[PDB]
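Step one of this worksheet: look at the structure below.
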Amino acid sequence: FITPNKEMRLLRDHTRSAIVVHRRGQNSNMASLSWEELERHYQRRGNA
Amino acid sequence: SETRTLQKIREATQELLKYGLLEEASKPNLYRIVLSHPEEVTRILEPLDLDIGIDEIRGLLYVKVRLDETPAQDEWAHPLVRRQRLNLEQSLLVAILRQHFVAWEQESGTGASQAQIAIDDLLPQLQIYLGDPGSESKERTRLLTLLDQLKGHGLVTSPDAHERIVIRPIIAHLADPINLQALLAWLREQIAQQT
Amino acid sequence: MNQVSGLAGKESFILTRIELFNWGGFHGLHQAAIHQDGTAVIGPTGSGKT
Amino acid sequence: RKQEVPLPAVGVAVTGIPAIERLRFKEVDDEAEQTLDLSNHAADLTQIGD
Ligand SMILES: Nc1ncnc2c1ncn2[C@@H]1O[C@H](COP(=O)(O)OP(=O)(O)O)[C@@H](O)[C@H]1O
């Protein structure tokens, strides 16, 4: 599935890995992660 | 005896095939007649896989290949229309003329009467990419022969009595204008890097 | 969910990797791993998903 | 012996119709270097807006 950050809660329950693609200037980068690793990342963000 | 195509339409079609374009600027009688009978000219050209594209804004008609709508062939091939690749100098000159034409249109508007440009103005610009071949008598002669070669394709008029040319409308409809920009900028960057 | 996931990887070919090189906005070499159980692609507008 | 005789025109070939599309521009080649870089692009670590 492709989605611009919509229905994230729904994808989380029927897929096991996400491909986070983000933009910086003219270049684009993609990083593949599991939902749980991204959860750990969000928990680190939670200390802010 | 049998019906014959109207003399004026036959003349217009033969002219259009010979030179590849008509212009209200220099051939009003035929150009207007063609626009008043588009279905006749398009019927005449369709058996040959040719078809007129019309540019009402700039007052121009030009032939183009009428081949099938994006068939299995990704690029068209036609028996009569023999393709060409302009040599390097011709490409540079066409790119310079094209950017001059676009820059002028940006100000006076699309289809505005092109301003006459002097020969002296172009040699400094060709020098930017070709250097000095050895003398003015050589560079001016080269520029003149290049302009005469281009006039064959219809991109520029002949130098008038005072050594100024005018850019023809047909330059706007080149096959891939993006190529001119790319090569021109690339060579400019090359010279700027080497200097 | 996994009771149905047994079909994937067993019966049919599953896309498990895509690799790009100077494709679109992806300069250099890149690669995305596709989980055999279904993958989502997320990112803000105009980030290269399409 | 370079006069022009009044013989007819037969086998009149019509070719080279000057369609403006038929022109292609010069393909000046570049040979300075090569773009060997295919690093992993490890800068992709997640840092995205809130
Ligand atoms: N070939 C192209 N033509 C037009 N724009 C392009 C092209 N390639 C890249 N772009 C740019 O790069 C991105 C390509 O679209 P994309 O980001 O993949 O859509 P989406 O938002 O669904 O991910 C856009 O930001 C676009 O501006």
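How things are named: the first chain in the structure tokens is A, the next is B, and so on; residues count from 1 in each chain; ligands count from 1 in the order shown.
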Per residue of chain C within 9 Å of ligand 1, which atom pair is closest and at what distance in Å (one decimal), using only C-alpha atoms and all ligand atoms, listed by chain and increasing number, as a Markdown table?
```
| residue | atom | partner | partner_atom_place_in_ligand_line | distance |
| --- | --- | --- | --- | --- |
| C:23 | CA | ligand 1 | 8 (N) | 8.7 |
| C:24 | CA | ligand 1 | 8 (N) | 5.0 |
| C:25 | CA | ligand 1 | 9 (C) | 5.8 |
| C:42 | CA | ligand 1 | 23 (O) | 8.5 |
| C:43 | CA | ligand 1 | 23 (O) | 7.2 |
| C:44 | CA | ligand 1 | 21 (O) | 6.8 |
| C:45 | CA | ligand 1 | 21 (O) | 4.1 |
| C:46 | CA | ligand 1 | 17 (O) | 3.2 |
| C:47 | CA | ligand 1 | 17 (O) | 4.0 |
| C:48 | CA | ligand 1 | 18 (O) | 3.0 |
| C:49 | CA | ligand 1 | 23 (O) | 3.6 |
| C:50 | CA | ligand 1 | 18 (O) | 3.7 |
```
>> Residues of chain B within 8 Å of chain D, counting only C-alpha atoms - could you list those as a PyMOL selection string?
In response: chain B and resi 17-20+62-65+80-88+91+153+170+173-176+179-180+183
Write a file of the just-selected residues containing C-alpha atoms, as a PDB file, in the first residue's frame.
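Below is the file out.pdb, written as the result:
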```pdb
ATOM      1  CA  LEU B  17       5.179  20.242 -49.619  1.00  0.00           C
ATOM      2  CA  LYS B  18       8.073  22.012 -51.360  1.00  0.00           C
ATOM      3  CA  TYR B  19       9.008  24.430 -48.568  1.00  0.00           C
ATOM      4  CA  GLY B  20       7.381  22.659 -45.617  1.00  0.00           C
ATOM      5  CA  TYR B  62       3.658  23.421 -41.251  1.00  0.00           C
ATOM      6  CA  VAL B  63       3.564  19.795 -42.335  1.00  0.00           C
ATOM      7  CA  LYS B  64       4.010  16.990 -39.824  1.00  0.00           C
ATOM      8  CA  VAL B  65       3.935  13.207 -39.897  1.00  0.00           C
ATOM      9  CA  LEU B  80       9.576  10.662 -47.576  1.00  0.00           C
ATOM     10  CA  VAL B  81      10.595  12.575 -44.418  1.00  0.00           C
ATOM     11  CA  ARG B  82      14.320  11.882 -44.265  1.00  0.00           C
ATOM     12  CA  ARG B  83      15.660  12.663 -40.802  1.00  0.00           C
ATOM     13  CA  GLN B  84      18.750  14.768 -40.151  1.00  0.00           C
ATOM     14  CA  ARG B  85      21.170  15.556 -37.345  1.00  0.00           C
ATOM     15  CA  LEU B  86      22.511  19.092 -37.559  1.00  0.00           C
ATOM     16  CA  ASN B  87      26.256  19.362 -37.038  1.00  0.00           C
ATOM     17  CA  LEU B  88      27.593  20.986 -33.882  1.00  0.00           C
ATOM     18  CA  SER B  91      23.009  23.145 -33.297  1.00  0.00           C
ATOM     19  CA  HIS B 153      15.040  24.677 -43.241  1.00  0.00           C
ATOM     20  CA  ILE B 170       8.883  27.840 -37.369  1.00  0.00           C
ATOM     21  CA  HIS B 173       7.967  24.090 -33.222  1.00  0.00           C
ATOM     22  CA  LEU B 174      11.300  22.265 -33.253  1.00  0.00           C
ATOM     23  CA  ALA B 175      11.167  18.585 -32.363  1.00  0.00           C
ATOM     24  CA  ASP B 176      12.861  18.694 -28.936  1.00  0.00           C
ATOM     25  CA  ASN B 179      17.942  19.446 -26.209  1.00  0.00           C
ATOM     26  CA  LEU B 180      19.046  22.936 -27.246  1.00  0.00           C
ATOM     27  CA  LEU B 183      23.680  21.278 -24.830  1.00  0.00           C
TER      28      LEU B 183
END
```
Could you please write out, as a short mmCIF file (atom, residue, chain, number, x, y, z; two decimals) with C-alpha atoms, in the first residue's frame, every residue of chain C that DSSP assigns to strand (DSSP E)?
```cif
data_model
loop_
_atom_site.label_atom_id
_atom_site.label_comp_id
_atom_site.auth_asym_id
_atom_site.auth_seq_id
_atom_site.Cartn_x
_atom_site.Cartn_y
_atom_site.Cartn_z
CA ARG C 17 12.96 -6.09 -2.69
CA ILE C 18 13.22 -3.04 -4.92
CA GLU C 19 16.52 -1.34 -5.70
CA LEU C 20 16.99 2.01 -7.42
CA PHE C 21 19.96 3.90 -8.84
CA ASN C 22 19.62 7.53 -9.94
CA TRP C 23 15.91 6.90 -10.48
CA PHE C 26 16.86 8.86 -5.59
CA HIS C 27 20.48 9.78 -6.20
CA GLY C 28 23.05 7.06 -5.76
CA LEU C 29 21.88 3.59 -4.77
CA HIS C 30 18.83 2.84 -2.61
CA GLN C 31 16.82 -0.22 -1.64
CA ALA C 32 13.59 -0.96 0.22
CA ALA C 33 12.82 -4.29 1.89
CA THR C 39 4.19 -3.68 3.48
CA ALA C 40 3.01 -0.09 3.71
CA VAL C 41 4.74 2.92 2.15
CA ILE C 42 4.37 6.21 4.02
#
```
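The residues of chain D that DSSP classifies as helix (DSSP H, G or I), using the backbone of this structure, are residues 20, 21, 22, 42, 43 and 44 of chain D.
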Export, as a PDB file, in the first residue's frame, the selected residues with N, CA, C and O atoms.
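What ended up in selection.pdb:
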```
ATOM      1  N   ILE D  20       9.493  19.894 -40.243  1.00  0.00           N
ATOM      2  CA  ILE D  20      10.353  20.462 -39.210  1.00  0.00           C
ATOM      3  C   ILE D  20      10.648  19.442 -38.121  1.00  0.00           C
ATOM      4  O   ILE D  20      11.684  19.523 -37.450  1.00  0.00           O
ATOM      5  N   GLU D  21       9.753  18.475 -37.916  1.00  0.00           N
ATOM      6  CA  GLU D  21       9.992  17.451 -36.910  1.00  0.00           C
ATOM      7  C   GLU D  21      11.244  16.640 -37.193  1.00  0.00           C
ATOM      8  O   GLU D  21      11.862  16.126 -36.257  1.00  0.00           O
ATOM      9  N   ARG D  22      11.632  16.514 -38.459  1.00  0.00           N
ATOM     10  CA  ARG D  22      12.680  15.577 -38.834  1.00  0.00           C
ATOM     11  C   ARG D  22      14.055  15.984 -38.330  1.00  0.00           C
ATOM     12  O   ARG D  22      14.983  15.175 -38.412  1.00  0.00           O
ATOM     13  N   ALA D  42      23.735   6.037   4.030  1.00  0.00           N
ATOM     14  CA  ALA D  42      23.364   5.729   5.406  1.00  0.00           C
ATOM     15  C   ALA D  42      22.808   6.955   6.120  1.00  0.00           C
ATOM     16  O   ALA D  42      22.373   6.862   7.273  1.00  0.00           O
ATOM     17  N   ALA D  43      22.818   8.108   5.448  1.00  0.00           N
ATOM     18  CA  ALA D  43      22.235   9.319   6.011  1.00  0.00           C
ATOM     19  C   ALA D  43      20.717   9.243   6.129  1.00  0.00           C
ATOM     20  O   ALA D  43      20.109  10.171   6.672  1.00  0.00           O
ATOM     21  N   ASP D  44      20.099   8.170   5.639  1.00  0.00           N
ATOM     22  CA  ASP D  44      18.649   7.977   5.636  1.00  0.00           C
ATOM     23  C   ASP D  44      18.058   7.753   7.030  1.00  0.00           C
ATOM     24  O   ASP D  44      16.858   7.459   7.097  1.00  0.00           O
TER      25      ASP D  44
END
```
>> Contacts from chain A to chain C, 10 Å maximum, only C-alpha atoms: show me the residue list as a VMD selection string.
In response: chain A and resid 1 to 6 8 11 to 35
Residues from the last selection, N, CA, C and O atoms, saved as a CSV table (one decimal), in the first residue's frame:
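As written to disk, part-v2.csv reads:
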```
chain,number,residue,atom,x,y,z
A,1,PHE,N,0.8,-1.2,0.0
A,1,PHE,CA,0.0,0.0,0.0
A,1,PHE,C,0.9,1.2,0.0
A,1,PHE,O,2.0,1.2,0.6
A,2,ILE,N,0.4,2.3,-0.6
A,2,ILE,CA,1.0,3.6,-0.6
A,2,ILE,C,0.0,4.6,0.1
A,2,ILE,O,-1.2,4.5,-0.2
A,3,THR,N,0.5,5.5,0.9
A,3,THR,CA,-0.4,6.4,1.5
A,3,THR,C,0.4,7.6,2.1
A,3,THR,O,1.4,7.3,2.7
A,4,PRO,N,0.0,8.8,1.9
A,4,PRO,CA,0.7,10.0,2.4
A,4,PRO,C,0.4,10.2,3.9
A,4,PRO,O,-0.3,11.2,4.2
A,5,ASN,N,0.8,9.3,4.8
A,5,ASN,CA,0.6,9.4,6.2
A,5,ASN,C,-0.9,9.4,6.6
A,5,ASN,O,-1.3,10.0,7.6
A,6,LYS,N,-1.8,8.8,5.8
A,6,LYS,CA,-3.2,8.7,6.1
A,6,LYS,C,-3.5,7.2,6.5
A,6,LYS,O,-2.9,6.3,6.1
A,8,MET,N,-2.9,5.6,9.1
A,8,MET,CA,-1.7,4.9,9.7
A,8,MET,C,-2.1,3.9,10.7
A,8,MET,O,-1.5,2.8,10.7
A,11,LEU,N,-3.2,0.7,8.7
A,11,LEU,CA,-2.0,-0.1,8.1
A,11,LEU,C,-1.3,-0.8,9.1
A,11,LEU,O,-0.9,-2.0,8.9
A,12,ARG,N,-1.2,-0.3,10.3
A,12,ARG,CA,-0.4,-0.9,11.4
A,12,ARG,C,-1.0,-2.3,11.7
A,12,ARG,O,-0.2,-3.1,12.2
A,13,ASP,N,-2.2,-2.6,11.5
A,13,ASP,CA,-2.9,-3.8,11.9
A,13,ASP,C,-2.9,-4.9,10.8
A,13,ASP,O,-3.1,-6.0,11.1
A,14,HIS,N,-2.6,-4.5,9.6
A,14,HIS,CA,-2.6,-5.5,8.5
A,14,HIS,C,-1.3,-5.5,7.7
A,14,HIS,O,-1.3,-6.0,6.6
A,15,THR,N,-0.2,-4.9,8.2
A,15,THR,CA,1.1,-5.0,7.5
A,15,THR,C,2.1,-5.0,8.6
A,15,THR,O,1.9,-4.6,9.8
A,16,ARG,N,3.3,-5.5,8.3
A,16,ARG,CA,4.3,-5.8,9.2
A,16,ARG,C,5.6,-5.0,9.0
A,16,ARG,O,6.5,-5.1,9.9
A,17,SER,N,5.7,-4.1,8.0
A,17,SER,CA,6.8,-3.3,7.8
A,17,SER,C,6.4,-2.1,7.0
A,17,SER,O,5.6,-2.2,6.0
A,18,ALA,N,7.0,-0.9,7.3
A,18,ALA,CA,6.7,0.3,6.6
A,18,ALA,C,8.0,0.8,5.9
A,18,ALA,O,9.1,0.6,6.4
A,19,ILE,N,7.9,1.5,4.8
A,19,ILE,CA,9.0,2.1,4.1
A,19,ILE,C,8.8,3.6,4.2
A,19,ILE,O,8.0,4.2,3.4
A,20,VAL,N,9.5,4.2,5.1
A,20,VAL,CA,9.4,5.7,5.4
A,20,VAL,C,10.3,6.4,4.4
A,20,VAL,O,11.5,6.3,4.4
A,21,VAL,N,9.6,7.2,3.5
A,21,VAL,CA,10.3,7.9,2.5
A,21,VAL,C,10.1,9.4,2.8
A,21,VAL,O,9.0,9.9,3.0
A,22,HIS,N,11.3,10.1,2.9
A,22,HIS,CA,11.2,11.5,3.2
A,22,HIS,C,12.1,12.3,2.3
A,22,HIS,O,13.0,11.8,1.6
A,23,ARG,N,11.8,13.6,2.2
A,23,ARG,CA,12.5,14.5,1.2
A,23,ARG,C,13.4,15.4,1.9
A,23,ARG,O,13.2,15.9,3.0
A,24,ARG,N,14.5,15.8,1.2
A,24,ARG,CA,15.4,16.8,1.7
A,24,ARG,C,16.0,17.5,0.4
A,24,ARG,O,16.8,16.9,-0.3
A,25,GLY,N,15.6,18.7,0.2
A,25,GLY,CA,16.0,19.4,-1.0
A,25,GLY,C,15.6,18.7,-2.2
A,25,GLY,O,14.4,18.3,-2.4
A,26,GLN,N,16.5,18.5,-3.2
A,26,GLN,CA,16.2,17.8,-4.4
A,26,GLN,C,16.4,16.3,-4.3
A,26,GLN,O,16.0,15.6,-5.2
A,27,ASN,N,16.9,15.8,-3.2
A,27,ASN,CA,17.2,14.4,-3.0
A,27,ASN,C,16.1,13.7,-2.1
A,27,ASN,O,15.6,14.4,-1.2
A,28,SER,N,15.9,12.5,-2.3
A,28,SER,CA,14.9,11.7,-1.6
A,28,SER,C,15.6,10.4,-1.0
A,28,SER,O,16.4,9.8,-1.7
A,29,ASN,N,15.2,10.0,0.2
A,29,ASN,CA,15.8,8.9,0.8
A,29,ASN,C,14.7,8.0,1.4
A,29,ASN,O,13.7,8.5,1.9
A,30,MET,N,14.9,6.7,1.4
A,30,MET,CA,14.0,5.7,1.9
A,30,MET,C,14.6,4.8,2.9
A,30,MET,O,15.8,4.3,2.6
A,31,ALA,N,14.0,4.5,4.0
A,31,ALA,CA,14.4,3.6,5.0
A,31,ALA,C,13.3,2.7,5.4
A,31,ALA,O,12.2,3.1,5.7
A,32,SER,N,13.7,1.4,5.3
A,32,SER,CA,12.7,0.3,5.6
A,32,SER,C,12.8,-0.1,7.1
A,32,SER,O,13.9,-0.3,7.6
A,33,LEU,N,11.7,-0.2,7.8
A,33,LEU,CA,11.7,-0.6,9.2
A,33,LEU,C,10.5,-1.4,9.5
A,33,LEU,O,9.5,-1.5,8.7
A,34,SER,N,10.5,-2.1,10.6
A,34,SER,CA,9.3,-2.8,11.1
A,34,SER,C,8.5,-1.8,11.9
A,34,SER,O,9.0,-0.8,12.4
A,35,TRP,N,7.2,-2.1,12.1
A,35,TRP,CA,6.3,-1.3,12.9
A,35,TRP,C,6.9,-1.1,14.3
A,35,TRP,O,6.8,0.0,14.9
```
Each chain D residue no farther than 9 Å from chain A, nearest pair in Å, only C-alpha atoms, as a tab-separated table:
```
residue	atom	partner	partner_atom	distance
D:41	CA	A:29	CA	8.0
D:43	CA	A:29	CA	8.3
D:44	CA	A:29	CA	5.7
D:45	CA	A:31	CA	7.1
D:46	CA	A:31	CA	7.5
D:47	CA	A:22	CA	8.8
D:48	CA	A:22	CA	7.5
D:50	CA	A:45	CA	8.8
```
Pull C-alpha atoms from the residues just selected and write them as a CSV table (one decimal), in the first residue's frame.
```csv
chain,number,residue,atom,x,y,z
D,41,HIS,CA,23.4,6.4,1.7
D,43,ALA,CA,22.2,9.3,6.0
D,44,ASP,CA,18.6,8.0,5.6
D,45,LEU,CA,18.3,7.7,9.4
D,46,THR,CA,14.8,8.7,10.5
D,47,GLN,CA,14.4,12.4,11.4
D,48,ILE,CA,11.0,13.6,10.4
D,50,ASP,CA,6.5,16.1,14.6
```
> What is the distance between atom CA of residue B:177 and atom CA of residue B:97, in Å to one decimal?
Replying inline: 11.5 Å
Write out, as a Markdown table, each residue of chain D that has an atom at most 9 Å from chain C, together with the closest pair of atoms and their distance in Å to one decimal, counting only C-alpha atoms, rows going by chain and rising number.
```
| residue | atom | partner | partner_atom | distance |
| --- | --- | --- | --- | --- |
| D:37 | CA | C:28 | CA | 6.7 |
| D:38 | CA | C:28 | CA | 5.2 |
| D:39 | CA | C:29 | CA | 6.6 |
| D:40 | CA | C:29 | CA | 6.3 |
| D:41 | CA | C:29 | CA | 7.2 |
```
Can you spit out the residues from that selection as a PDB file, in the first residue's frame, using N, CA and C atoms?
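This is the output file again01.pdb:
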```pdb
ATOM      1  N   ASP D  37      30.148   6.488  -7.779  1.00  0.00           N
ATOM      2  CA  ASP D  37      29.652   6.471  -6.407  1.00  0.00           C
ATOM      3  C   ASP D  37      28.341   5.702  -6.314  1.00  0.00           C
ATOM      4  N   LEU D  38      28.327   4.662  -5.488  1.00  0.00           N
ATOM      5  CA  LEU D  38      27.117   3.917  -5.153  1.00  0.00           C
ATOM      6  C   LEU D  38      27.100   3.587  -3.666  1.00  0.00           C
ATOM      7  N   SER D  39      27.503   4.554  -2.848  1.00  0.00           N
ATOM      8  CA  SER D  39      27.495   4.361  -1.406  1.00  0.00           C
ATOM      9  C   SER D  39      26.100   3.985  -0.924  1.00  0.00           C
ATOM     10  N   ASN D  40      26.041   3.410   0.277  1.00  0.00           N
ATOM     11  CA  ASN D  40      24.783   2.917   0.822  1.00  0.00           C
ATOM     12  C   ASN D  40      23.802   4.026   1.179  1.00  0.00           C
ATOM     13  N   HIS D  41      24.241   5.283   1.223  1.00  0.00           N
ATOM     14  CA  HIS D  41      23.383   6.387   1.654  1.00  0.00           C
ATOM     15  C   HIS D  41      22.832   6.130   3.055  1.00  0.00           C
TER      16      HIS D  41
END
```
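The environment of residue B:39 within 12 Å, counting only C-alpha atoms and disregarding residues fewer than 6 places along the same chain, consists of residues 9, 33, 45, 46, 51 and 52 of chain B.
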